[PDB]
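Beneath this line is the structure, given in structure tokens, with notes to follow.
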Amino acid sequence: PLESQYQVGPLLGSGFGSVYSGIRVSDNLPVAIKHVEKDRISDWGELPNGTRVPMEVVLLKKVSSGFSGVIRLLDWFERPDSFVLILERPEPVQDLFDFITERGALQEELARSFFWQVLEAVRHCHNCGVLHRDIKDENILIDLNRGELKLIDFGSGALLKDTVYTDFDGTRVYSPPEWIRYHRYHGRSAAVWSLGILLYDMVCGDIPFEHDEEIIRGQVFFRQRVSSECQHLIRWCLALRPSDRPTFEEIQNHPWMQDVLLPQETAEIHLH
Ligand SMILES: O=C1c2c(O)ccc(O)c2C(=O)c2c(NCCOCCO)ccc(NCCOCCO)c21
């Protein structure tokens, strides 16, 4: 019933598998259709009702309930050598990496709005028991009309727990120093680090650290003009000691995070 209920369109991307544009024939709902080969899945779990699935599906199902800044799983399918996921697809949309590539460093007011919606989405995941572990500009989509951000690739994710993680499959340049040095981290505080990398990316147009030695050394240089407030939040998230990082709450009460724009106003001003 998969080949019948969706009409396939162009390839959107690959790297996590291959994702195509698609339409639900049922009712013209735009969708993204994502194929993952069994052979390349390292990491499996089980749905409450109990079959053996890719962790990504466990995670997506735990966070796709209700609204939020996560692209929702609408349906999934097993095939003999692959799994296939059907996801929301906002229309039109651009990923943040390509947005930043095209437009360079974001004005603060726009970064503040975007970063805020990222925090709301990640709180939402942490709440649903899910840790993303690969937060970064290419895992974030922009619905250009509504100004709403949406998180996407759960393939390196995990169940959130309070004990140490000794595996990491995400992106190195976004990984915290404790992972580089000890091969251990905790979820929240690792995620905060990656948030601080992301915020630097948004306001400087590029990631701050490229090599292991710079991650570990953790000194941040600004190549672009950034308010003292923005710089201080960033250095805070990128503190070397995990316990010196802010919690989500403290990131959202920081002075740089005041007077955020709603998504709609953000798009009027900045995206049309
Ligand atoms: O993974 C999605 C995606 C998804 O996983 C679930 C729903 C979606 O709507 C998408 C998605 O729209 C998507 C991409 N969309 C076109 C936006 O172009 C990038 C901006 O220049 C462009 C790329 C993309 N995925 C991978 C990003 O990098 C791939 C490099 O070729 C996606």
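By order in the structure tokens, chains are A, B, ...; within a chain, residues start at 1; ligands start at 1, following the order shown.
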At a cut-off of 12 Å, using only C-alpha atoms, what residues contact residue 256 (chain A)? Leave out same-chain residues fewer than 3 positions from it and give the result as a list in words.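 Listed by chain and then number, they are residues 108, 109, 111, 112, 113, 115, 116, 199, 226, 227, 228, 229, 230, 231, 232, 233, 234, 250, 251, 252, 253, 259 and 260 of chain A.
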With only C-alpha atoms as the counted atoms, please give the residues lying no more than 8 Å from residue 75 (chain A), apart from itself and same-chain residues fewer than 4 positions off, as an MDAnalysis selection string. chainID A and resid 85:87
Counting only C-alpha atoms, what is within 10 Å of region 166-173 of chain A, bar same-chain residues fewer than 3 positions away, as a PyMOL selection string? chain A and resi 42+132-136+155-158+163+176-177+179-180+182-186+194+197+207-212+214-215
I want to know what sits within 9 Å of region 90-95 of chain A, based on only C-alpha atoms, with residues of the same chain fewer than 3 positions away left out; could you give that as a short mmCIF file (atom, residue, chain, number, x, y, z; two decimals) with N, CA, C and O atoms, in the first residue's frame?
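And here is the file that came out, result.cif:
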data_model
loop_
_atom_site.label_atom_id
_atom_site.label_comp_id
_atom_site.auth_asym_id
_atom_site.auth_seq_id
_atom_site.Cartn_x
_atom_site.Cartn_y
_atom_site.Cartn_z
N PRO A 30 1.29 17.58 1.20
CA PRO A 30 2.70 17.43 0.93
C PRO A 30 3.41 16.58 2.02
O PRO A 30 3.08 16.67 3.21
N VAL A 31 4.35 15.71 1.60
CA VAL A 31 5.12 14.86 2.50
C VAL A 31 6.57 14.71 2.02
O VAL A 31 6.92 15.11 0.93
N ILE A 71 9.57 18.13 12.77
CA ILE A 71 8.90 17.48 11.68
C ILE A 71 8.39 16.10 12.15
O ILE A 71 9.18 15.26 12.66
N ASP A 98 21.68 26.22 4.30
CA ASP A 98 21.66 26.81 2.96
C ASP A 98 21.18 28.21 3.10
O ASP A 98 21.66 29.09 2.42
N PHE A 99 20.22 28.45 3.97
CA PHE A 99 19.86 29.85 4.31
C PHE A 99 21.09 30.64 4.76
O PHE A 99 21.28 31.77 4.37
N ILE A 100 21.98 30.05 5.55
CA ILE A 100 23.04 30.88 6.09
C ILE A 100 24.12 31.04 5.05
O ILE A 100 24.74 32.09 4.94
N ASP A 137 22.77 23.30 11.87
CA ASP A 137 22.01 24.10 10.91
C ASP A 137 21.37 23.23 9.84
O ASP A 137 20.28 23.51 9.43
N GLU A 138 22.02 22.16 9.42
CA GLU A 138 21.41 21.29 8.40
C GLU A 138 20.33 20.33 8.88
O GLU A 138 19.63 19.71 8.07
N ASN A 139 20.11 20.31 10.20
CA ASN A 139 19.01 19.53 10.75
C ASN A 139 17.86 20.34 11.11
O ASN A 139 16.96 19.89 11.84
N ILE A 140 17.86 21.57 10.61
CA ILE A 140 16.80 22.51 10.93
C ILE A 140 16.20 23.05 9.62
O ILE A 140 16.93 23.49 8.73
N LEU A 141 14.89 23.06 9.52
CA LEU A 141 14.23 23.59 8.36
C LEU A 141 13.49 24.83 8.70
O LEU A 141 12.93 24.96 9.80
N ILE A 142 13.42 25.73 7.71
CA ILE A 142 12.67 26.93 7.81
C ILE A 142 11.44 26.86 6.88
O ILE A 142 11.54 26.70 5.66
N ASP A 143 10.28 27.03 7.46
CA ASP A 143 9.11 27.27 6.69
C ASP A 143 9.13 28.77 6.44
O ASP A 143 8.89 29.57 7.32
N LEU A 144 9.47 29.11 5.22
CA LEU A 144 9.73 30.48 4.83
C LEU A 144 8.50 31.42 4.91
O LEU A 144 8.61 32.62 5.11
N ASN A 145 7.32 30.87 4.78
CA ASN A 145 6.14 31.65 4.90
C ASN A 145 5.70 31.91 6.28
O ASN A 145 5.18 33.01 6.53
#
Backbone DSSP call of alpha helix (DSSP H) for region 17-123 of chain A, listed as number ranges by chain: A: 55-63, 96-103, 108-123
Take the residues from that selection and write them out as an mmCIF file, in the first residue's frame, keeping N, CA and C atoms.
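File produced: result-v1.cif:
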data_model
loop_
_atom_site.group_PDB
_atom_site.id
_atom_site.type_symbol
_atom_site.label_atom_id
_atom_site.label_comp_id
_atom_site.auth_asym_id
_atom_site.auth_seq_id
_atom_site.Cartn_x
_atom_site.Cartn_y
_atom_site.Cartn_z
ATOM 1 N N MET A 55 15.653 2.976 15.797
ATOM 2 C CA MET A 55 15.503 3.966 16.855
ATOM 3 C C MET A 55 14.840 5.250 16.331
ATOM 4 N N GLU A 56 15.149 5.659 15.116
ATOM 5 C CA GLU A 56 14.591 6.916 14.603
ATOM 6 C C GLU A 56 13.036 6.960 14.694
ATOM 7 N N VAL A 57 12.437 5.809 14.445
ATOM 8 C CA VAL A 57 10.999 5.676 14.494
ATOM 9 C C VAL A 57 10.490 5.695 15.918
ATOM 10 N N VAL A 58 11.159 5.004 16.805
ATOM 11 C CA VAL A 58 10.821 5.112 18.230
ATOM 12 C C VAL A 58 10.821 6.594 18.631
ATOM 13 N N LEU A 59 11.946 7.275 18.354
ATOM 14 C CA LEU A 59 12.127 8.680 18.729
ATOM 15 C C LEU A 59 11.103 9.528 18.078
ATOM 16 N N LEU A 60 10.883 9.350 16.764
ATOM 17 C CA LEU A 60 9.933 10.247 16.075
ATOM 18 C C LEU A 60 8.580 10.058 16.625
ATOM 19 N N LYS A 61 8.224 8.816 16.923
ATOM 20 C CA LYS A 61 6.863 8.542 17.462
ATOM 21 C C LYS A 61 6.721 9.118 18.819
ATOM 22 N N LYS A 62 7.780 9.094 19.615
ATOM 23 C CA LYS A 62 7.637 9.745 20.916
ATOM 24 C C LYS A 62 7.485 11.273 20.815
ATOM 25 N N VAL A 63 8.033 11.920 19.785
ATOM 26 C CA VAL A 63 7.907 13.382 19.718
ATOM 27 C C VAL A 63 6.892 13.935 18.725
ATOM 28 N N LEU A 96 18.454 25.553 7.217
ATOM 29 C CA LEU A 96 19.179 26.694 7.776
ATOM 30 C C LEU A 96 20.632 26.857 7.297
ATOM 31 N N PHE A 97 21.254 25.741 6.950
ATOM 32 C CA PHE A 97 22.635 25.731 6.436
ATOM 33 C C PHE A 97 22.688 26.438 5.102
ATOM 34 N N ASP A 98 21.676 26.219 4.296
ATOM 35 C CA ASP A 98 21.656 26.811 2.960
ATOM 36 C C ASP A 98 21.182 28.213 3.101
ATOM 37 N N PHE A 99 20.222 28.449 3.975
ATOM 38 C CA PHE A 99 19.862 29.849 4.312
ATOM 39 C C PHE A 99 21.092 30.638 4.762
ATOM 40 N N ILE A 100 21.982 30.046 5.553
ATOM 41 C CA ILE A 100 23.036 30.878 6.089
ATOM 42 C C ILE A 100 24.117 31.040 5.048
ATOM 43 N N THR A 101 24.400 29.951 4.343
ATOM 44 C CA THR A 101 25.226 29.998 3.160
ATOM 45 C C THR A 101 24.796 31.074 2.177
ATOM 46 N N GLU A 102 23.526 31.156 1.839
ATOM 47 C CA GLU A 102 23.055 32.202 0.915
ATOM 48 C C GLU A 102 23.136 33.600 1.497
ATOM 49 N N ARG A 103 22.628 33.798 2.709
ATOM 50 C CA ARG A 103 22.597 35.139 3.284
ATOM 51 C C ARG A 103 23.708 35.574 4.231
ATOM 52 N N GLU A 108 20.819 39.808 14.549
ATOM 53 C CA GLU A 108 20.601 39.252 15.906
ATOM 54 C C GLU A 108 19.155 38.977 16.167
ATOM 55 N N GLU A 109 18.329 39.914 15.727
ATOM 56 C CA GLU A 109 16.917 39.821 15.879
ATOM 57 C C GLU A 109 16.423 38.546 15.170
ATOM 58 N N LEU A 110 16.881 38.286 13.982
ATOM 59 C CA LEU A 110 16.535 37.001 13.364
ATOM 60 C C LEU A 110 17.152 35.771 14.063
ATOM 61 N N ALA A 111 18.430 35.852 14.405
ATOM 62 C CA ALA A 111 19.053 34.727 15.132
ATOM 63 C C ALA A 111 18.302 34.449 16.433
ATOM 64 N N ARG A 112 17.841 35.505 17.104
ATOM 65 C CA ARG A 112 17.184 35.373 18.411
ATOM 66 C C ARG A 112 15.880 34.621 18.218
ATOM 67 N N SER A 113 15.173 34.999 17.159
ATOM 68 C CA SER A 113 13.921 34.329 16.897
ATOM 69 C C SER A 113 14.159 32.877 16.543
ATOM 70 N N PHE A 114 15.115 32.639 15.661
ATOM 71 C CA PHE A 114 15.393 31.238 15.275
ATOM 72 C C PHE A 114 15.870 30.402 16.435
ATOM 73 N N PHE A 115 16.831 30.948 17.181
ATOM 74 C CA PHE A 115 17.450 30.198 18.258
ATOM 75 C C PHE A 115 16.403 29.858 19.336
ATOM 76 N N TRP A 116 15.489 30.778 19.558
ATOM 77 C CA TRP A 116 14.435 30.590 20.519
ATOM 78 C C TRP A 116 13.589 29.423 20.099
ATOM 79 N N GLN A 117 13.138 29.396 18.841
ATOM 80 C CA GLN A 117 12.372 28.229 18.364
ATOM 81 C C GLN A 117 13.189 26.956 18.372
ATOM 82 N N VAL A 118 14.491 27.046 18.242
ATOM 83 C CA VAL A 118 15.234 25.802 18.434
ATOM 84 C C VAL A 118 15.161 25.312 19.887
ATOM 85 N N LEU A 119 15.301 26.217 20.810
ATOM 86 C CA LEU A 119 15.285 25.857 22.203
ATOM 87 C C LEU A 119 13.921 25.254 22.498
ATOM 88 N N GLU A 120 12.865 25.903 22.039
ATOM 89 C CA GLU A 120 11.491 25.362 22.311
ATOM 90 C C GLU A 120 11.371 23.943 21.752
ATOM 91 N N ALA A 121 11.954 23.706 20.571
ATOM 92 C CA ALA A 121 11.857 22.350 20.009
ATOM 93 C C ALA A 121 12.645 21.295 20.756
ATOM 94 N N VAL A 122 13.833 21.670 21.190
ATOM 95 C CA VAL A 122 14.632 20.774 21.946
ATOM 96 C C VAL A 122 14.101 20.529 23.350
ATOM 97 N N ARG A 123 13.428 21.516 23.938
ATOM 98 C CA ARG A 123 12.782 21.298 25.249
ATOM 99 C C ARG A 123 11.680 20.303 25.039
#
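Minimum atom-to-atom distances from A:22, A:10, A:66, A:104 to residue 204 (chain A) were compared using only C-alpha atoms, and the lowest value belongs to A:104.
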Closest of A:72, A:24, A:38, A:126 to ligand 1 - atom-to-atom distances counting only C-alpha atoms and all ligand atoms: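 The answer is A:72, which sits nearest to ligand 1.
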Tell me which of A:105, A:160, A:149, A:203 sits closest to ligand 1, counting only C-alpha atoms and all ligand atoms.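 Closest residue, counting only C-alpha atoms and all ligand atoms: A:149.
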Excluding same-chain residues fewer than 3 positions from region 15-17 of chain A, what lies within 7 Å of it counting only C-alpha atoms, as a ChimeraX atom specification? /A:34-36,155
Residue nearest ligand 1 among A:150, A:40, A:223, A:79 (counting only C-alpha atoms and all ligand atoms):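 Answer, going by the shortest atom-to-atom distance: A:150.
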Would you please work out which residue, of A:196, A:254, A:81, A:188, is nearest to residue 127 (chain A) when using only C-alpha atoms?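 Of A:196, A:254, A:81, A:188, the one nearest residue 127 (chain A) is A:188, counting only C-alpha atoms.
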Measuring between only C-alpha atoms and all ligand atoms, which one of A:18, A:224, A:65, A:26 shows the shortest distance to ligand 1?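 Selected residue with least distance to ligand 1: A:18.
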Please provide the set of residues having any atom within 8 Å of residue 2 (chain A), restricted to only C-alpha atoms, with same-chain residues fewer than 3 positions apart removed, written as a PyMOL selection string. chain A and resi 5-6+77
Applying 9 Å and only C-alpha atoms, which residues near residue 268 (chain A) remain after dropping the ones on its own chain fewer than 5 positions away? List them as an NGL selection string. :A and (145-147 or 263)
What does the distance between atom 3 (C, counted along the ligand's line) of ligand 1 and CA of residue 193 (chain A) come to in Å, to one decimal place?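 So the answer is 24.2 Å.
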DSSP strand (DSSP E or B) selection over region 29-149 of chain A, as number ranges by chain: A: 29-37, 44-46, 52-54, 70, 73-78, 82-88, 93-95, 130-131, 140-143, 148-149
Selection from above, N, CA, C and O atoms, as a short mmCIF file (atom, residue, chain, number, x, y, z; two decimals), in the first residue's frame, can you write it?
data_model
loop_
_atom_site.label_atom_id
_atom_site.label_comp_id
_atom_site.auth_asym_id
_atom_site.auth_seq_id
_atom_site.Cartn_x
_atom_site.Cartn_y
_atom_site.Cartn_z
N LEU A 29 -1.70 16.07 0.64
CA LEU A 29 -0.83 16.56 1.70
C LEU A 29 0.59 16.47 1.22
O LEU A 29 1.05 15.41 0.87
N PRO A 30 1.29 17.58 1.20
CA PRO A 30 2.70 17.43 0.93
C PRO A 30 3.41 16.58 2.02
O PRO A 30 3.08 16.67 3.21
N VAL A 31 4.35 15.71 1.60
CA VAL A 31 5.12 14.86 2.50
C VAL A 31 6.57 14.71 2.02
O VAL A 31 6.92 15.11 0.93
N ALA A 32 7.41 14.19 2.89
CA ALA A 32 8.78 13.88 2.57
C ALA A 32 8.83 12.43 2.84
O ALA A 32 8.22 11.97 3.82
N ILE A 33 9.48 11.72 1.94
CA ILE A 33 9.55 10.28 1.99
C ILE A 33 10.97 9.87 2.07
O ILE A 33 11.74 10.13 1.16
N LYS A 34 11.29 9.12 3.12
CA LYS A 34 12.63 8.88 3.49
C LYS A 34 12.93 7.43 3.57
O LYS A 34 12.36 6.71 4.37
N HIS A 35 13.94 7.01 2.85
CA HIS A 35 14.25 5.62 2.75
C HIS A 35 15.51 5.38 3.47
O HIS A 35 16.50 6.14 3.28
N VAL A 36 15.52 4.34 4.29
CA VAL A 36 16.71 3.96 5.04
C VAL A 36 16.96 2.49 4.84
O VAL A 36 16.07 1.67 5.04
N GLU A 37 18.18 2.16 4.45
CA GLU A 37 18.51 0.78 4.20
C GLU A 37 18.80 0.10 5.52
O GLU A 37 19.55 0.64 6.32
N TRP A 44 18.71 0.12 17.01
CA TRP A 44 17.33 -0.32 16.95
C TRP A 44 16.65 -0.27 18.32
O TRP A 44 17.31 -0.28 19.37
N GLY A 45 15.33 -0.20 18.30
CA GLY A 45 14.52 -0.23 19.52
C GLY A 45 13.20 -0.90 19.18
O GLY A 45 13.06 -1.52 18.12
N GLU A 46 12.22 -0.76 20.06
CA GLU A 46 10.94 -1.43 19.89
C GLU A 46 9.82 -0.47 20.18
O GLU A 46 9.96 0.31 21.09
N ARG A 52 10.39 -4.72 16.12
CA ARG A 52 11.77 -4.27 16.08
C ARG A 52 11.94 -3.16 15.04
O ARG A 52 11.92 -3.44 13.84
N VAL A 53 12.11 -1.91 15.46
CA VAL A 53 12.25 -0.84 14.48
C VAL A 53 13.57 -0.07 14.65
O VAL A 53 14.33 -0.32 15.59
N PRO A 54 13.87 0.81 13.68
CA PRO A 54 14.99 1.72 13.84
C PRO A 54 14.68 2.74 14.93
O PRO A 54 13.59 3.32 14.96
N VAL A 70 9.15 20.07 15.67
CA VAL A 70 9.72 18.87 15.10
C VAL A 70 8.90 18.41 13.88
O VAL A 70 7.69 18.35 13.91
N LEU A 73 6.38 12.48 12.14
CA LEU A 73 6.27 11.23 11.41
C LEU A 73 4.83 10.97 11.15
O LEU A 73 4.12 10.94 12.07
N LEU A 74 4.39 10.83 9.91
CA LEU A 74 3.00 10.53 9.62
C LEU A 74 2.74 9.05 9.52
O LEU A 74 1.64 8.60 9.83
N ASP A 75 3.71 8.27 9.06
CA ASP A 75 3.47 6.84 8.82
C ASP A 75 4.81 6.25 8.49
O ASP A 75 5.71 6.97 8.16
N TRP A 76 4.95 4.95 8.58
CA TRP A 76 6.17 4.30 8.21
C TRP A 76 5.85 2.95 7.62
O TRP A 76 4.73 2.48 7.75
N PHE A 77 6.84 2.34 6.98
CA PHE A 77 6.69 1.09 6.24
C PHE A 77 7.96 0.34 6.28
O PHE A 77 9.02 0.92 6.20
N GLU A 78 7.85 -0.96 6.47
CA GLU A 78 8.98 -1.86 6.33
C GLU A 78 9.01 -2.41 4.94
O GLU A 78 7.97 -2.64 4.34
N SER A 82 14.82 -2.13 3.44
CA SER A 82 14.81 -0.76 3.84
C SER A 82 13.58 -0.42 4.70
O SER A 82 12.53 -1.10 4.64
N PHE A 83 13.70 0.66 5.47
CA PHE A 83 12.47 1.26 6.03
C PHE A 83 12.20 2.58 5.38
O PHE A 83 13.11 3.29 5.01
N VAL A 84 10.94 2.92 5.35
CA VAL A 84 10.49 4.07 4.67
C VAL A 84 9.63 4.86 5.63
O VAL A 84 8.66 4.36 6.14
N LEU A 85 9.93 6.13 5.79
CA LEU A 85 9.23 7.03 6.71
C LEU A 85 8.55 8.09 5.95
O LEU A 85 9.09 8.66 5.00
N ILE A 86 7.37 8.42 6.40
CA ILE A 86 6.61 9.46 5.72
C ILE A 86 6.58 10.61 6.73
O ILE A 86 6.23 10.41 7.88
N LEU A 87 6.99 11.79 6.30
CA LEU A 87 7.13 12.90 7.20
C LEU A 87 6.35 14.10 6.69
O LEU A 87 6.06 14.22 5.48
N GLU A 88 6.00 14.99 7.61
CA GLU A 88 5.49 16.29 7.16
C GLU A 88 6.45 16.92 6.20
O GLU A 88 7.65 16.69 6.29
N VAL A 93 10.22 25.85 2.02
CA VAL A 93 11.08 25.45 3.06
C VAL A 93 12.51 25.57 2.56
O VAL A 93 12.78 25.36 1.39
N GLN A 94 13.42 25.94 3.44
CA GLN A 94 14.81 25.94 3.15
C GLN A 94 15.51 25.54 4.44
O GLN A 94 15.12 26.01 5.50
N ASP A 95 16.51 24.69 4.37
CA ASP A 95 17.28 24.35 5.53
C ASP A 95 18.15 25.48 5.91
O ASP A 95 18.51 26.31 5.10
N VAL A 130 13.21 12.27 24.58
CA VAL A 130 14.14 12.16 23.44
C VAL A 130 15.26 13.16 23.38
O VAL A 130 15.06 14.38 23.44
N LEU A 131 16.44 12.63 23.18
CA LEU A 131 17.64 13.40 22.95
C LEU A 131 18.11 13.31 21.49
O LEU A 131 18.41 12.18 20.96
N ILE A 140 17.86 21.57 10.61
CA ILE A 140 16.80 22.51 10.93
C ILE A 140 16.20 23.05 9.62
O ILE A 140 16.93 23.49 8.73
N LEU A 141 14.89 23.06 9.52
CA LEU A 141 14.23 23.59 8.36
C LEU A 141 13.49 24.83 8.70
O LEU A 141 12.93 24.96 9.80
N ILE A 142 13.42 25.73 7.71
CA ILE A 142 12.67 26.93 7.81
C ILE A 142 11.44 26.86 6.88
O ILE A 142 11.54 26.70 5.66
N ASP A 143 10.28 27.03 7.46
CA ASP A 143 9.11 27.27 6.69
C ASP A 143 9.13 28.77 6.44
O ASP A 143 8.89 29.57 7.32
N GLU A 148 8.68 29.44 10.85
CA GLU A 148 8.70 28.41 11.88
C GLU A 148 9.80 27.47 11.52
O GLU A 148 9.91 27.06 10.35
N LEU A 149 10.56 27.08 12.55
CA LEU A 149 11.68 26.20 12.39
C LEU A 149 11.23 24.84 12.76
O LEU A 149 10.38 24.69 13.61
#
